[PDB]
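Reading through the structure tokens given below for one structure.
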Amino acid sequence: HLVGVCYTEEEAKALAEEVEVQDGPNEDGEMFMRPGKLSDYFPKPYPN
Amino acid sequence: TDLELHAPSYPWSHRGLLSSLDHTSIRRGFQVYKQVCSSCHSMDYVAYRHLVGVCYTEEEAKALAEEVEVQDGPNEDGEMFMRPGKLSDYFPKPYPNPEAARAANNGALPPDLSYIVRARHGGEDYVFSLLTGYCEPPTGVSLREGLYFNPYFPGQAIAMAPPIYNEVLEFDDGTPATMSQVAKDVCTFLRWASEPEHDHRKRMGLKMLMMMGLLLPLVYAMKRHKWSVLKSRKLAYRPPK
Amino acid sequence: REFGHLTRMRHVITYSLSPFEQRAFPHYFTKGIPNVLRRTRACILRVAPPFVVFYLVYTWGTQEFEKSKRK
Amino acid sequence: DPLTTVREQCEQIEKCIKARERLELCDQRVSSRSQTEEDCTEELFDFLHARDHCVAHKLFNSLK
Amino acid sequence: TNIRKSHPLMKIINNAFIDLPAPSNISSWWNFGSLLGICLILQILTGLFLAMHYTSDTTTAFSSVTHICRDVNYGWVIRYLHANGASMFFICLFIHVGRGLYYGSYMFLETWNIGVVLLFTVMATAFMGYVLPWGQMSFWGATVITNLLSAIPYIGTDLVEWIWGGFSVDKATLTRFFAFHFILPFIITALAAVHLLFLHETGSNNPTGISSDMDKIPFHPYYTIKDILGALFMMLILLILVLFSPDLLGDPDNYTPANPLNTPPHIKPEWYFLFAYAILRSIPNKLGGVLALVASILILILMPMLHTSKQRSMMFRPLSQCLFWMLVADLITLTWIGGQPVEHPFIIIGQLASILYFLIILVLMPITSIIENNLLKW
Ligand code: HEC
Ligand code: HEM
Ligand code: HEM
Ligand SMILES: Cc1cc(C)c2nc(SCc3c(C)cccc3-n3nnn(C)c3=O)sc2c1
Ligand SMILES: Cc1cc(C)c2nc(SCc3c(C)cccc3-n3nnn(C)c3=O)sc2c1
């Protein structure tokens with residue numbers, strides 16, 4: 001939502017990179033982790 | 001080149017217009033599902049509460065699903081709790097992690113079984129002729145490393161090993177457990193799984209036929225009463241001579 | 001188009017009886033059977049021979065699909 | 001055990017020995033030349049159709 | 001005074017249903033017009049129940065239909081009423097059209113031309129609804145139509161990437177299929193009111209073809225009781241199907257979810273679209289296939305000007321009656337061929353019966369009526 005408002009698309013992927021997130025389940029693994037995909041909402045600040 | 005073979009018709013005890021399902025043969029058929037398959041097959045749409053009043057007492061049913069503990073979501077001071085199953089849980093999925101469940105099966109995903117007799121041209125007559133129709137190849141047909149010959153399958157090459165042979169299970173009421181007694185009970189169960197309203201629709205169909213039998217011959221009597229004025233009239237033509 | 005404005009008619013008389021003066025079933029299976037045997041004899045030779053042609057094409061059609069396979 | 005009883009008793013019928021006749025009449029004839037594409041998966045079906053039609057009429061008495 | 005004749009609302013009801021002059025010799029082939037109006041109201045109320053629990057998304061479309069048959073109370077009876085009520089609609093509609101063709105009712109020109117429009121709009125409605133459950137015939141039925149709908153020469157490929165939401169099949173794909181399917185039955189209702197407004201100008205035809213102003217009877221009570229009785233006999237037959245055989249007319253292959261990767265062994269539409277499908281597969285072209293499919297419904301509008309007989313109905317014409325049931329036995333042939341696979345016997349039979357459907361209507365019927373005129377000396 002910030003592309004064309006205050007940032008370009010690069011400067012926006014590279015800011016979603018700055019925090020890695022907790023993705024879902026897959027075979028030969030677990031619910032794994034990964035950096036931001038630019039389709040992610042802003043990361044929440046309290047477990048529950 | 002090779003071709004079709006169609007299943008014959010068996011006299012099941014629910015093939016009548018008003019015939020119900022045997023609720024004891026459903027009970028013996030859930031145990032063949034929960035101990036012979038469910039290591040290869042899912043039942044994604046059926047829960048444990050769907051079996052209260054069909055084959056198990058609510059308690060006898062809550063005593064099952066204690067037997068399996070299942071993952072639940074994240075909670076505070078936790079991340080992946082585990083807990084015994086409740087009544088609102090669906091039946092557990094066999095091959096954990098999906099699709100790519102083809103490796104345990106030579107690249108043959110084993111299908112979901114919640115709609116399997118409803119989604120086949122032949123119903124439970126097809127799922128009886130295939131489980132008891134496993135045989136040897138004829139003179140010179142081809143076979144891969146992990147596939148078998150079965151005449152009641154479209155290309156005769158099934159990628160499922162014969163899963164019932166004899167004495168594969170022990171029923172808890174003393175019924176002998178031969179090859180034909182089993183697969184008669186996972187055809188009765190798995191017909192209830194496709195069509196769980198089977199017995200309710202056949203008893204509403206009787207309370208509709210008896211009541212139409214009152215209402216219909218008596219609107220027909222009202223019709224014949226009005227139309228008798230026209231059906232009995234006479235006409236004369238008397239022009240001047 | 002209402003009732004007293006439809007056509008012009010002269011010299012015809014109508015006699016009718018009340019519905020409560022009549023029997024419900026004067027003749028039901030003693031004229032009902034020979035009258036439908038007259039109405040069936042009038043229609044049969046116009047309606048039946050096209051459907052005897054669909055039968056002979058269905059029977060020949062589902063007999064050259066079986067013998068195409070296995071010699 | 002009840003199935004193997006029924007399946008053997010109905011394997012001696014005027015349609016199922018008449019099918020077994022052509023089956024081993026052709027079973028013997030495939031294996032000779034070893035460069036042949038001929039199967040007899042056909043021939044098996046004519047026998048299994050004739051036999052399983054008679055099994056279905058008699059098997060469900062002996063069960064449950 | 002008489003309040004049936006002076007009240008502003010009760011006047012309209014009295015002129016349309018109570019004091020209407022009607023012929024006295026009307027058969028039970030004239031029952032199927034009000035049966036069609038019962039079948040339309042039934043599909044609307046039942047469909048408005050299913051639309052509160054359906055989800056139009058290609059990941060949860062098949063799963064929201066299994067949920068109503070298992071979880072929601074009385075959802076299984078209402079779902080199979082809707083699927084079997086649509087077969088009931090199409091069997092009454094084919095009786096209705098065949099009646100007006102045998103007895104010459106197409107001479108009511110404004111009533112016949114509104115009817116040909118109504119026939120297109122119910123066929124397009126029933127196509128959109130069979131996409132919505134999204135099993136393996138909703139999938140391979142949707143793609144067969146829309147790669148045949150890319151053979152329109154100048155605007156064709158513009159229209160195929162509009163109905164999927166822009167795309168291939170996704171979550172926003174079946175929102176347009178669903179919104180068309182919601183709206184069209186309410187336009188069918190408005191076209192059926194105009195349909196009856198033009199028939200009120202002449203009244204009805206009758207089985208003899210001859211005008212009957214000298215023999216009218218009031219509509220109430222003679223055809224109010226005869227139409228109630230036929231509607232009860234139709235609700236009996238529909239419930240025999242819902243409660244004793246709810247899967248008899250469908251196909252088992254639509255209980256498998258849609259998979260572009262898996263494979264269905266055959267492609268078979270519903271029974272009431274099987275005659276049009278057999279005409280398509282007889283044309284080795286994709287522009288001449290969609291033309292001959294649309295020309296098989298649009299040939300009905302040429303029936304008023306192809307009429308060369310001195311008489312109106314077929315009751316007194318014995319040679320025209322042999323040709324009428326040659327045409328019915330040819331639509332039975334095209335229904336059987338449409339559900340068979342494409343091999344040698346069913347490929348020549350299918351195209352020799354697509355020729356006979358156009359040869360009877362356009363050539364053999366207008367010549368046979370002139371031979372009959374000449375044997376009666378006009
Ligand atoms: C350990 C493996 C395994 C077990 C146990 C197993 N199956 Fe299968 N089954 C398969 C595989 C693999 C397939 C897919 C077959 C294929 O594609 O060739 C299959 C397919 C099927 C099909 C579908 C055939 C078709 O036409 O699609 C039915 C029905 C079936 N199994 C019934 C059962 C029943 C009933 C049981 C037990 C009571 C059972 N299976 C147990 C491996 C198994
Ligand atoms: C949803 C669709 C339809 C509805 C609700 C409907 C309704 C009716 C009704 C109630 C009547 C009067 C009673 C009767 O004769 O049965 C009628 C008559 C008629 N309809 Fe329809 N109809 C529909 C579709 C069609 C179609 C598809 C056609 C033709 C292509 C058509 C042509 C006619 C004709 C010609 C008449 C007058 C027949 C006569 O009096 O002999 N209608 N319709
Ligand atoms: C002339 C009227 C109609 C016809 C002929 C018709 C026909 C159909 C058909 C054939 C299906 C496929 C069902 C199946 O085979 O499983 C369907 C589905 C459906 N229809 Fe209709 N329909 C009509 C009116 C409506 C209306 C007015 C609505 C909504 C307001 C509606 C809502 C739905 C819904 C939600 C489905 C969901 C899928 C399902 O339930 O199977 N229908 N319709
Ligand atoms: C039970 C019931 C109730 C109602 C309210 C009803 N209404 C009709 S529509 C009547 C009509 C109109 C309005 C205009 C022109 C012709 C006809 N008409 N003439 N003969 N026939 C068979 C006709 O339908 S059927 C029917 C059945
Ligand atoms: C005017 C008109 C419009 C349309 C759009 C139309 N379409 C058909 S055939 C569609 C079909 C196929 C090819 C294959 C599988 C299933 C279905 N199918 N789709 N819906 N229903 C009820 C089906 O049977 S004729 C026809 C006539």
Side-chain angles (χ1 to χ4, degrees), chain B residues 4 16-19 44-47 49-50 88 90 99 109 111-112 114-123 126 154-155 193-209 211-231 233 235, chain E residues 24-25 28 62-63 65-67 69-71 73-77 79-80 135-137 214-215 217-218 220-247 250-257 259 261-266 268 341:
Chain B
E4 317 274 43
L17 267 294
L18 290 153
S19 293
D44 286 313
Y45 301 120
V46 191
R49 59 163 160 92
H50 291 153
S88 311
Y90 288 85
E99 219 293 347
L109 187 60
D112 193 357
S114 59
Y115 265 124
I116 193 68
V117 314
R118 186 170 253 190
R120 289 294 185 280
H121 274 84
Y126 175 72
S194 283
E195 198 178 2
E197 73 278 333
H198 184 276
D199 291 346
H200 191 24
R201 74 162 167 86
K202 288 188 173 189
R203 196 199 39 200
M204 279 171 53
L206 174 75
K207 295 178 177 65
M208 180 271 309
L209 281 185
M211 197 167 188
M212 286 310 268
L214 266 78
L215 189 61
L216 204 64
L218 217 54
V219 175
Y220 176 72
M222 292 172 62
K223 192 258 161 194
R224 286 184 74 85
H225 184 251
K226 300 295 179 202
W227 272 81
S228 44
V229 172
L230 304 181
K231 285 294 211 292
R233 83 185 169 176
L235 303 169
Chain E
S24 66
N25 62 323
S28 57
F62 192 92
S63 127
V65 187
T66 70
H67 182 264
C69 289
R70 290 167 188 270
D71 264 5
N73 199 239
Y74 305 132
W76 64 268
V77 57
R79 163 146 191 254
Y80 285 105
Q136 34 123 140
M137 291 287 189
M214 82 296 297
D215 211 352
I217 61 185
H220 179 69
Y222 293 98
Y223 296 113
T224 46
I225 196 66
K226 205 177 145 163
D227 280 348
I228 282 169
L229 180 69
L232 277 168
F233 194 71
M234 197 213 59
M235 290 306 301
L236 169 77
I237 305 299
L238 178 62
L239 291 169
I240 293 304
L241 270 65
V242 174
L243 303 174
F244 290 118
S245 291
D247 284 319
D251 203 273
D253 286 304
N254 216 304
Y255 283 104
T256 306
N259 215 165
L261 279 323
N262 93 350
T263 304
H266 59 91
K268 188 172 179 178

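Every chain is numbered from 1 and lettered A, B, ... according to where its sequence line falls, protein lines coming before strand lines.
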Would you say [X] has more than 12 foreign heavy atoms packed within less than 6.0 Å of its [atom1]?
X: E99(B); atom1: CD; result: yes
X: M211(B); atom1: CE; result: no
X: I237(E); atom1: CD1; result: yes
X: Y222(E); atom1: OH; result: yes

Minimum heavy-atom distance between [X] and [Y], given as atom pair plus value:
X: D253(E); Y: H121(B); value: OD2-CE1, 3.3 Å
X: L206(B); Y: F244(E); value: N-CZ, 4.4 Å
X: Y45(B); Y: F62(E); value: OH-CD2, 3.9 Å
X: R201(B); Y: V242(E); value: CD-O, 4.3 Å

query = Using non-hydrogen atoms only, which part of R224(B) is less than 4.5 Å away from chain E: side chain, backbone, both, or neither?
reply =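 For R224(B), there is no contact with chain E at all, as no heavy atom is under 4.5 Å.
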
key: Contact origin within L230(B) toward chain E - heavy atom pairs under 4.5 Å   =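 The answer is the side chain of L230(B).
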
key: Reported CG-to-CE distance for the pair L243(E) and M204(B), which is rounded to 0.5 angstrom   =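 Rounded to the nearest 0.5 Å, the CG-CE separation comes to 5.5 Å.
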
request  = Working to the nearest 0.5 Å, report the span between CE of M212(B) and CD1 of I240(E).
outcome  =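 The CD1 atom of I240(E) is 9.0 Å from CE of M212(B), to the nearest 0.5 Å.
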
key: Toward chain B, the part of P246(E) with a non-hydrogen atom under 4.5 Å   =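 Interface part for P246(E): side chain.
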
key: Salt bridge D251(E)-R118(B), side-chain N to carboxylate O under 4.0 Å   =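 Salt bridge flag = no for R118(B) with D251(E).
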
request  = Before accepting this row, confirm whether a basic side-chain N of the pair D215(E)/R233(B) lies closer than 4.0 Å to the acidic partner's carboxylate O.
outcome  =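 Counted as a salt bridge, because a side-chain N and a carboxylate O are separated by less than 4.0 Å.
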
Side chains of [X] and [Y]: does their closest heavy-atom pair fall under 4.5 Å?
X: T256(E); Y: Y115(B); answer: no
X: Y255(E); Y: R120(B); answer: no
X: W76(E); Y: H200(B); answer: yes

Audit row: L209(B), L239(E), side-chain contact (heavy atoms from CB on, under 4.5 Å) steps and yes/no = CA-CA 9 Å; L209(B) 281 185; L239(E) 291 169; over 6 Å; no

ask   = If you tally heavy-atom pairs under 4.5 Å against chain E, which of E197(B), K226(B), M222(B) wins?
value =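 Heavy-atom pair counts peak at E197(B).
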
message = A cation-pi test, strictly: NZ or CZ of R70(E) under 6.0 Å from the centre of the six-membered ring of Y90(B) and no more than 45 degrees from its axis. Yes or no?
response =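 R70(E) over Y90(B) ring: no.
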
